Amino acid sequence: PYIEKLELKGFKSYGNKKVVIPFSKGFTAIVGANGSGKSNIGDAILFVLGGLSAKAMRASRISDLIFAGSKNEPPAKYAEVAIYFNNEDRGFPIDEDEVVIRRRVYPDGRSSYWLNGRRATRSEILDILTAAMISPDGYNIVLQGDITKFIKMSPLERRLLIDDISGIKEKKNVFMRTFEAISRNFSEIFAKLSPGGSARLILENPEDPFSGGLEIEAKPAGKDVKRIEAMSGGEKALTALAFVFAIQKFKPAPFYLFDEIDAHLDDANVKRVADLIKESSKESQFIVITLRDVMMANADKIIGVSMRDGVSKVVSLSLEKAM
Amino acid sequence: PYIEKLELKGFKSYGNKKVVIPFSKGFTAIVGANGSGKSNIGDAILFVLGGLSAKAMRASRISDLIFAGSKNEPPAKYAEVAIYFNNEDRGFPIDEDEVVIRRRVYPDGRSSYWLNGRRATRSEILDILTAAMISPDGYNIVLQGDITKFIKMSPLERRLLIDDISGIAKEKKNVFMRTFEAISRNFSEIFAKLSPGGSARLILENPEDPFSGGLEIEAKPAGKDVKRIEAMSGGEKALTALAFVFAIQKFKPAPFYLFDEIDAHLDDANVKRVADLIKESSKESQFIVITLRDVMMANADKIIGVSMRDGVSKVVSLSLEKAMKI
Amino acid sequence: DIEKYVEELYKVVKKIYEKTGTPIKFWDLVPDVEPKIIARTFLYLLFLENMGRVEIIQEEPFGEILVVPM
Amino acid sequence: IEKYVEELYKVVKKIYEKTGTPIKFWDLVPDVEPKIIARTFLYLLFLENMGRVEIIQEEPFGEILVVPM
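Chains as they are written, first to last, in the authors' numbering: chain A, 2 to 169, 1007 to 1161; chain B, 2 to 170, 1007 to 1163; chain C, 143 to 212; chain D, 144 to 212.
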C-alpha cells in the first residue's frame, strides 16, 4: 500500500480549515522555510497511525496537538487527521481499493478512530496496520535525530532489529538467510554512497547469532576501518542511510518518512542519497522533508509548506506535469 | 586575543607531517566534503585548551587521538597540537604579543603542555586561559550537536552561564542583573532579526532573588502566541540557541567562537541571516565556522579548504580579502 | 544571493499584477523548464508567502498554481 | 549538480595537456566574485578528495596550484 493523501483539521499549526496533503506514489519532497509546519506533517502521520507519546510528536501532552487559534482563527474544537491508503495491491486485509484511517482527539485527550467510515478501536487500527506491515514507528520512520540513534544503537539492539525483520532450531537459518541478504545490500549500497569505500555487517557470534550483536564495519573512502562513533555527522548519516536502504532493498516497507536526514550531508552526498531514493522509489513510497535544493530538485512531486499569520498551508506541485 | 594559527602533528586524521592552519582575525569558514577532517580541527582546538573528554572529541581514550596510520603512512608516535594566539590586547597575563600553547599526548595517555616553550601543568595552562576569557568548556565553542544545548539545558544551568559572564558571581545581585538585562535585550533584539515577525525573551524564575532560581527562554516564533522551545523544529531550535549565543557576545565579545555546522537545520534565508550576524560580530570577535552550506562560506573573510588525500587530511588557506585584488 | 532572487521575483509579480489586475499563473513565473528551476521558483514563492508578500492560490491538489501580490 | 565538478576537471586536464605544468588557481575562477571564487575552490577540494587533482600551496594563504592525475 501507499499513502495517497492526508487531511488535517485543527491539527497543530494547520488551523481549522481542512488541509489536503497529497503524495506521489514515489518520491515526494516536503519543502518550505524554517517554522512553516513541515515536521508537523510527519507528526500528523505518527498521530493517525496510533502514536501515543506526546513527546514523540513534539507536544507537552496529547491535547496540545489541537490547534490553539491564531490572529484570524479561533482555537480548534479538536485535532483530526485522516490518512488515505491506496490499497490496490491489497496489502491491507480489506477488499477495497482505498483504506481510510481517521483519528480525532478532543481537549480532554480522548481519541476516536475510524476505519473506512466504521469506527474502530486503537487496537483494531494497530492490528490492521501491522497486517499491512506498516510500522507507525518502525525503522522506516526517520525523524530529526533518528540518525544519531542508528549510530548510538547497541550491537544487540541492532541485531534485534534484524530478528524482527526476518520474522523470528531452524530459526537460525531463516535469520542468516535474511542477514546475508541485507548485509550484501549494505555493502553494495555503501560503496555507491561512499565511492572508493566499503562496509559490511558483522555478527559478534556468527556461529550462534542470537547470542551476540550485529556490528557495522566501515571503510569510508579508504581500506582502513574506523569506528562509526568516530565518524563525523556526514559519514554517520550516510552509514545509517545505507543500513536503512539495505533493509528496504530486501523487504520494501510501504513507505518511508525522512525528516531532514540530509542536514549533515555535503551537496554531492545529497545527490547520491537523492538518486538512491529515486531508484528505491520503484518499490517503496518516500516522503522526504528537506531544506536542500539538490534533494528537492530530484523529487517527483513537491509539497510546499508556508505560513499565514501563524497558520500553515500547503501547495502541491507535480514536476512531471510541470513539463 | 585571537587565534593566529594551529599546528597539528600526528593528530587524528592529519598524518605525520606537520600541518599549519591559518585563521583570519575575523570570519573564517572551514569547508570541504564529508569525511575530510573538518570537525577534527575543532577537536584540535578543544585538545590544546586542555579538553579531558575523549568522548567529546570522538575517541575511546585520549590516546586514540593519535594518528593510527594510513595507506602511505605508519602510525604516529604521538599527537601534538600547537595554538598561536595574538596577545596584542594583553588578554593573556603575559607581556608578549604572541602566546603559544602546545599539548602532546603519548600512547600511554599522558600529556605534556608547553606555554611559550616552557613546560607547564594543565592547571597552569587552564589558569592562564581563564585569565584570558578562554576555556575548553566555554559556551563559545559549539561542536556538532551542541547547538541545542542552549535549549535542552536546565534553567539553573542557563542562569549559571550568565553568572559566569557577569562576574565572580550582597552587592553581586547588582552586577548580575546589569548583565542579565543587557543580554536579555540583545536576545530579544537578535531573535527578532533572525525570526522576522517573531519575538522572544529571557525570564528569571525568581526576579527578587535571581540566584535562588534559574533562567528560562520564552519564544514566540509566530510573534503573538508563546511556544515551548521543545515544541519547536530543528531550525527554530537552532535559531533560538544562536540568538542566545550572539546575545552574549554582543554584550561581552569572547576571544573566538567555534561553530561546527550550526547551519545544518537552517533554511537558505536563515543561513544568510546568520552569516550576516556573524560578519557583523566578527568585528569584535573571531569566528571559525565549519559549514557545508554555500551561502555560509560565501560570506567568509577567509576560507580553510579541507580535503583528504590518501586517507590523510590536508588543508589549503584562501583569503577572499587578498584574492579579489586579482 | 537568495535574499536577492526572492526580491526580484517579487518585483516581477508586482509588475505583472500592476498591469493585469488578475492572479499570475505560476507557469509564467518559471524562467527555464527544468526541475531545478521550477522548484527554486516554487520555493521562493513559498518564502514570499511566509513574508506576507504574496498569496499563493490553488483550488485542488496539484491543480493550477496562481499568485497574487500583497 | 556534479557536472560542474566534472567540467572543472576538464579545463584542468586541458590547460595541463598543453602547459604540462601546475595550473594556477587564479586561471580557473571565471567571474571575479566571492561566491564564484569560493565555489571553484570547493569543487577543487572535492576533486582532490576523489583523487582527480592535487592542490599545491607552499605557505599559508600562499599561491594555490592544481595538478591533475
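The beta carbon of each residue, even a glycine, is placed where N, CA and C say it ideally should be.
Counting along the chain, where does the beta strand (DSSP E) carrying A/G43 start and finish? Boundaries around A/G43 are those of the alpha helix (DSSP H), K39 to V49, since no beta strand (DSSP E) includes it.
At what residues does the alpha helix (DSSP H) containing D/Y152 begin and finish? That run of the alpha helix (DSSP H) goes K146 to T162.
Would you say D/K167 and D/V210 are within 9 Å of each other, going by their C-beta atoms? No, Cβ-Cβ distance for D/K167 and D/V210 is not below 9 Å.
Closest Cα partner of B/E1018 within the set B/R123, B/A1084 and B/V1108: Closest option to B/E1018, Cα to Cα, is B/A1084.
Look up B/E1055 in the DSSP assignment and say whether it is helix, strand or coil. Here B/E1055 sits in strand by DSSP.
Ends of the alpha helix (DSSP H) at B/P156? B/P156 -> alpha helix (DSSP H) spans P156 to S167.
For a cutoff of 9 Å on Cβ pairs, would you count A/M1069 as touching chain B? Chain B, which has a Cβ nearer than 9 Å to the Cβ of A/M1069, makes this yes.
Can you give me the C-alpha to C-alpha distance between D/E201 and B/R105, rounded to a whole angstrom? Cα to Cα, the separation comes out at about 25 Å.
Buried or exposed: where does A/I169 fall if 16 or more other Cβ atoms within 10 Å of its Cβ makes it buried? Exposed, by the Cβ-count rule.
Looking at chain C, is there any beta carbon in it that lies within less than 9 Å of the beta carbon of A/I1127? Output row for A/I1127: interface = no.
If A/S1150 and A/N41 are in contact, beta carbons under 8 Å, what's the gap, nearest whole angstrom? That pair is a contact at about 7 Å.
Under a Cβ-count criterion, where at least 16 other Cβ atoms within 10 Å of its own Cβ denotes burial, should A/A1075 be classed as buried or exposed? With 16 or more other Cβ atoms within 10 Å, it is buried.
Check the Cβ of D/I158 against every Cβ in chain B and list those closer than 8 Å, keeping chain order. What D/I158 touches in chain B: nothing, since even the nearest Cβ is about 17 Å away.
Segments of 3+ residues assigned as beta strand (DSSP E) that fall wholly inside the stretch 41-126 of chain B: Runs found: 80-87, 99-106, 112-116 and 119-121.
Take the Cβ of B/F1088 as the centre, count every other Cβ of all protein chains shown within 10 Å, and call the residue buried at 16 or more, exposed below. In the assembly as shown, B/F1088 is a buried residue. Its beta-carbon has 16 or more other beta-carbons within 10 Å.
Under 9 Å between the Cβ atoms of B/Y79 and B/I67? Using a Cβ distance threshold of 9 Å, B/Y79 and B/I67 count as a contacting pair.
Residue of A/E1117, A/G43 and A/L127 minimising C-alpha distance to A/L1095: Comparing C-alpha distances from A/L1095 to each of A/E1117, A/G43 and A/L127 shows the shortest one belongs to A/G43.
Touch check for the stretch 27-35 of chain B and the stretch 1139-1147 of chain B: three-plus C-beta pairs under 8 Å? Counting Cβ pairs under 8 Å, three or more are found: they touch.
Taking beta-carbon pairs under 7 Å, can you tell me which members of the stretch 1087-1120 of chain B lie near chain A? The residues in question are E1098, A1101, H1102, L1103, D1104, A1106 and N1107.
What residue range is occupied by the uninterrupted beta strand (DSSP E) comprising A/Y3? Element bounds for A/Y3: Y3 to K10.
Answer with buried or exposed for B/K10, where buried requires no fewer than 16 other C-beta atoms within 10 angstroms of its C-beta. Burial is judged here by how many other beta carbons sit within 10 angstroms of a residue's own beta carbon; B/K10 has at least 16 and is buried.
Which residues DSSP lists as bridging B/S1032, in chain order: Looking at the DSSP assignment, B/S1032 forms no beta bridge with any residue, so it has no partner.
Taking Cβ-Cβ distances below 9 Å as the criterion, which residues of the stretch 160-180 of chain C are in contact with chain B? Listed by position along the chain: nothing, the set is empty.
Helix, strand or coil at A/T1016 according to DSSP, with G and I counted as helix: The answer is helix: DSSP assigns A/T1016 an H, G or I state.
Please classify D/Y147: is it buried, with 16 or more other beta-carbons within 10 angstroms of its beta-carbon, or exposed? Exposed, by the Cβ-count rule.
Compute the beta-carbon to beta-carbon distance between residue 1 of chain A and A/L162, rounded to the nearest angstrom, for a pair I have assumed lies under 8 Å. Any property of residue 1 of chain A remains undetermined from this structure, which presents chain A solely from 2 to 1161.
With respect to the beta strand (DSSP E) encompassing D/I199, which residues constitute its N-terminal and C-terminal limits? Per DSSP, D/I199 belongs to the beta strand (DSSP E) from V196 to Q200.
Please name the residue in B/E1026, B/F12 and B/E97 whose C-alpha comes closest to that of B/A69. B/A69 has its Cα closest to that of B/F12, out of B/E1026, B/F12 and B/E97.
I need the DSSP call for A/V1063, collapsed to helix, strand or coil. It is coil, neither helix nor strand.
Can the beta-carbon of B/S1118 be found closer than 9 Å to that of D/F204? No, the pair does not count as a contact, with Cβ atoms beyond the cut-off.
Using beta carbons (cut-off 9 Å, strictly below), is A/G1034 in contact with chain D? Interface residue, yes.
Near A/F1024, which residues of its chain fall below 7 Å by C-beta distance, leaving aside the five closest residues on each side in sequence? Spatial neighbours of A/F1024 in its own chain (CB-CB distance under 7 Å, excluding positions within 5 residues in sequence) are listed in chain order as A1037, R1038, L1039, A1080, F1081 and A1084.
Nearest by alpha-carbon distance to A/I1115: which of A/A1068, A/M1069 and A/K1030 is it? Cα-wise, what sits closest to A/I1115 is A/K1030.
If you drop the 5 nearest sequence neighbours on each side, which residues of the same chain put their C-beta closer than 6 Å to that of A/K26? The beta carbon of A/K26 lies closer than 6 Å to those of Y3 in the same chain, with the five residues before and after it left out.
Supposed close pair A/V1108, A/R1130 - CB separation, criterion 8 Å: Distance from A/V1108 to A/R1130 at the Cβ level is roughly 5 Å; contact confirmed, criterion being Cβ atoms closer than 8 Å.
What are the start and end residues of the alpha helix (DSSP H) that includes A/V1132? A/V1132: member of the alpha helix (DSSP H) spanning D1131 to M1134, first to last residue.
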